[PDB]
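Notes follow once the structure below has been shown.
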Amino acid sequence: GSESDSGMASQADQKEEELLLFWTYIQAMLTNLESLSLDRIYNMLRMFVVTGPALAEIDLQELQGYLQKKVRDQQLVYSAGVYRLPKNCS
Amino acid sequence: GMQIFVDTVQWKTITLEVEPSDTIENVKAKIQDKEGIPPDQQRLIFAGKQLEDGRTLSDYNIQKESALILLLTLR
Amino acid sequence: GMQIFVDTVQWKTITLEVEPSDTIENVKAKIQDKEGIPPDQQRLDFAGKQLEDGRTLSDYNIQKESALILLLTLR
C-alpha cells in the first residue's frame, strides 16, 4: 500500500525510480545471493533496461559507475573481482 | 575434528506455462504449488514492473519466453 | 498459452563436521546423503577453488567452521 512515494520533479522522478528499481534487484539479490560477478547484475539491469524505456538503455560507465558509487558509499563490498552486499557493518 | 559450513546456492531459471486471462495471483500461487516458491517471501518483478495480484497476465502483456525475476525477503 | 521463465534464488548454509585425515569424497557423500546434493550436478567451491573429491581435507588445510559455496554444474 504505497503510491505517493515518487515525488514531483516532472523529469527526475522516472530516473530515480528506474535506478531505485535496479537497486531493488541488486539489493534483494545480494541480501541472499551474496556472491556475483558485475557481469551478472550488469546482464540483469540491461535486461530490465532494454525491456522498457528505462533511460533509453544505460551504458558501461553508468552501471560500472553505479557499483563504483555503492563501493565508495560502503553500500557494496568488492570481494576478489566479485560483488556482494555488506551484510555486516564491521 | 573440524566443522565446515557448506553454502548451497540455487541461482537458476525455471520454465512454466500461463494464459493471458489468468490473474497474477494464479502465477505466484502455481509457482508456490509446484516449486514451493513463497509469493510474498519471494517478491516478483516481471520485465521491470512489480506484480499486483488483482491484475491479469495480459494486463502487463506477458508474451512468450518472457523472464520474471524472483527476489527473496529484502524489506 | 505462453510459456515463461521464473529466475529463482534459494541460498542455505549447512553445517557438518569432518576430519583432516578424510577425503573430500566423504563431504561429497555427506551433502549427497543429507539433501541429495549431486556433486556432478552441483560442484563445491572454496575461496575460488573447486574441491576435487580425490583430495584430502588436510590437503586444503580446512579450518573449523570453514565456509564453502556449492555452485551449479560448472567443472
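Following the order of the C-alpha cells, first chain is A, next is B, and so on, with residues numbered from 1 inside each chain and ligands from 1 in the order they appear.
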For chain B, report every residue with an atom at most 10 Å from chain A (counting only C-alpha atoms), formatted as a PDB file with C-alpha atoms, in the first residue's frame.
```pdb
ATOM      1  CA  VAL B   9      23.030 -21.731  -3.600  1.00  0.00           C
ATOM      2  CA  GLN B  10      20.289 -22.289  -6.204  1.00  0.00           C
ATOM      3  CA  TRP B  11      20.565 -19.443  -8.730  1.00  0.00           C
ATOM      4  CA  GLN B  42       9.987 -14.064  -2.602  1.00  0.00           C
ATOM      5  CA  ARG B  43       8.895 -10.810  -4.290  1.00  0.00           C
ATOM      6  CA  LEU B  44       8.437 -10.972  -8.111  1.00  0.00           C
ATOM      7  CA  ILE B  45       9.385  -8.294 -10.769  1.00  0.00           C
ATOM      8  CA  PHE B  46       8.323  -9.020 -14.409  1.00  0.00           C
ATOM      9  CA  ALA B  47      10.007  -7.181 -17.365  1.00  0.00           C
ATOM     10  CA  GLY B  48      10.824  -4.298 -14.943  1.00  0.00           C
ATOM     11  CA  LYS B  49       7.439  -3.949 -13.173  1.00  0.00           C
ATOM     12  CA  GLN B  50       6.185  -5.254  -9.753  1.00  0.00           C
ATOM     13  CA  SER B  66       9.304 -13.780 -21.069  1.00  0.00           C
ATOM     14  CA  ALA B  67      11.551 -13.515 -17.946  1.00  0.00           C
ATOM     15  CA  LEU B  68      10.439 -12.894 -14.326  1.00  0.00           C
ATOM     16  CA  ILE B  69      12.986 -12.216 -11.516  1.00  0.00           C
ATOM     17  CA  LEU B  70      12.432 -13.743  -8.056  1.00  0.00           C
ATOM     18  CA  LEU B  71      13.952 -11.635  -5.250  1.00  0.00           C
ATOM     19  CA  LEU B  72      13.899 -13.197  -1.700  1.00  0.00           C
ATOM     20  CA  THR B  73      12.833 -11.284   1.502  1.00  0.00           C
ATOM     21  CA  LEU B  74      14.578  -7.856   1.447  1.00  0.00           C
ATOM     22  CA  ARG B  75      12.379  -5.464   3.446  1.00  0.00           C
TER      23      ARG B  75
END
```
inquiry  = What parts of chain A does DSSP call strand (DSSP E or B)? I'd like the answer as a PyMOL selection string.
reply    = chain A and resi 36+77-78+83-84
Selected residues, N, CA, C and O atoms, written as an mmCIF file, in the first residue's frame, please.
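Below is the file that was written, result-v5.cif:
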```
data_model
loop_
_atom_site.group_PDB
_atom_site.id
_atom_site.type_symbol
_atom_site.label_atom_id
_atom_site.label_comp_id
_atom_site.auth_asym_id
_atom_site.auth_seq_id
_atom_site.Cartn_x
_atom_site.Cartn_y
_atom_site.Cartn_z
ATOM 1 N N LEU A 36 28.329 -12.551 -6.545
ATOM 2 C CA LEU A 36 28.058 -12.499 -8.003
ATOM 3 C C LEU A 36 29.005 -11.525 -8.709
ATOM 4 O O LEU A 36 29.390 -10.501 -8.143
ATOM 5 N N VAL A 77 30.324 -4.296 -1.067
ATOM 6 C CA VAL A 77 31.621 -4.915 -0.774
ATOM 7 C C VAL A 77 32.148 -5.557 -2.066
ATOM 8 O O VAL A 77 31.462 -6.384 -2.697
ATOM 9 N N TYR A 78 33.352 -5.143 -2.465
ATOM 10 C CA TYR A 78 34.073 -5.736 -3.587
ATOM 11 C C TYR A 78 34.995 -6.821 -3.016
ATOM 12 O O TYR A 78 35.959 -6.520 -2.302
ATOM 13 N N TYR A 83 31.258 -8.976 -6.670
ATOM 14 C CA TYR A 83 30.467 -8.098 -5.787
ATOM 15 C C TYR A 83 29.561 -8.882 -4.828
ATOM 16 O O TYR A 83 29.082 -9.986 -5.151
ATOM 17 N N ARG A 84 29.351 -8.273 -3.640
ATOM 18 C CA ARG A 84 28.440 -8.779 -2.608
ATOM 19 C C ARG A 84 28.099 -7.655 -1.623
ATOM 20 O O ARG A 84 28.909 -6.757 -1.416
#
```
inquiry  = Within 8 Å of chain A, which residues belong to chain C? Use only C-alpha atoms and report them as number ranges by chain.
reply    = C: 9-11
Using N, CA, C and O atoms, can you export the residues from the last selection as a tab-separated table (two decimals), in the first residue's frame?
```tsv
chain	number	residue	atom	x	y	z
C	9	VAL	N	16.15	-17.62	-6.79
C	9	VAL	CA	17.26	-17.67	-5.81
C	9	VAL	C	16.79	-18.41	-4.55
C	9	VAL	O	15.75	-18.06	-3.98
C	10	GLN	N	17.52	-19.47	-4.16
C	10	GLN	CA	17.34	-20.16	-2.87
C	10	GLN	C	18.74	-20.50	-2.29
C	10	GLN	O	19.39	-21.44	-2.74
C	11	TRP	N	19.20	-19.69	-1.31
C	11	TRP	CA	20.51	-19.89	-0.62
C	11	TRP	C	20.25	-20.42	0.80
C	11	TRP	O	19.40	-19.89	1.52
```
request  = Would you mind listing what lies within 10 Å of residue 28 in chain B as a PyMOL selection string, with only C-alpha atoms counted and same-chain residues fewer than 3 positions away left out?
outcome  = chain B and resi 23-25+31-33+37-40+42-44+51+53
request  = Find the distance between CA of residue 39 in chain A and CA of residue 69 in chain A and write it in Å to one decimal.
outcome  =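 Going from CA of residue 39 in chain A over to CA of residue 69 in chain A covers 16.7 Å.
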message = Show me, as a list in words, the residues that have an atom within 9 Å of residue 56 in chain C when counting only C-alpha atoms, minus same-chain residues fewer than 6 positions from it.
response = residues 20, 21, 22, 23, 24 and 25 of chain C
Take the residues that were just selected and, keeping N, CA, C and O atoms, output them as a PDB file, in the first residue's frame.
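So out.pdb came out as:
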```pdb
ATOM      1  N   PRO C  20      40.483 -34.040   9.279  1.00  0.00           N
ATOM      2  CA  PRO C  20      41.592 -33.609   8.397  1.00  0.00           C
ATOM      3  C   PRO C  20      42.132 -34.779   7.560  1.00  0.00           C
ATOM      4  O   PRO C  20      42.593 -34.590   6.433  1.00  0.00           O
ATOM      5  N   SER C  21      42.000 -35.993   8.122  1.00  0.00           N
ATOM      6  CA  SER C  21      42.501 -37.231   7.520  1.00  0.00           C
ATOM      7  C   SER C  21      41.546 -37.778   6.444  1.00  0.00           C
ATOM      8  O   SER C  21      41.945 -38.642   5.661  1.00  0.00           O
ATOM      9  N   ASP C  22      40.288 -37.280   6.412  1.00  0.00           N
ATOM     10  CA  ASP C  22      39.265 -37.762   5.465  1.00  0.00           C
ATOM     11  C   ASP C  22      39.473 -37.150   4.078  1.00  0.00           C
ATOM     12  O   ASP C  22      40.125 -36.114   3.935  1.00  0.00           O
ATOM     13  N   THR C  23      38.900 -37.811   3.070  1.00  0.00           N
ATOM     14  CA  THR C  23      38.867 -37.317   1.690  1.00  0.00           C
ATOM     15  C   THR C  23      37.680 -36.375   1.485  1.00  0.00           C
ATOM     16  O   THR C  23      36.739 -36.350   2.285  1.00  0.00           O
ATOM     17  N   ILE C  24      37.743 -35.603   0.400  1.00  0.00           N
ATOM     18  CA  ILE C  24      36.678 -34.672   0.006  1.00  0.00           C
ATOM     19  C   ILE C  24      35.416 -35.448  -0.441  1.00  0.00           C
ATOM     20  O   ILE C  24      34.295 -34.954  -0.297  1.00  0.00           O
ATOM     21  N   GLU C  25      35.621 -36.678  -0.972  1.00  0.00           N
ATOM     22  CA  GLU C  25      34.519 -37.572  -1.391  1.00  0.00           C
ATOM     23  C   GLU C  25      33.625 -37.976  -0.196  1.00  0.00           C
ATOM     24  O   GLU C  25      32.470 -38.374  -0.387  1.00  0.00           O
TER      25      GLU C  25
END
```
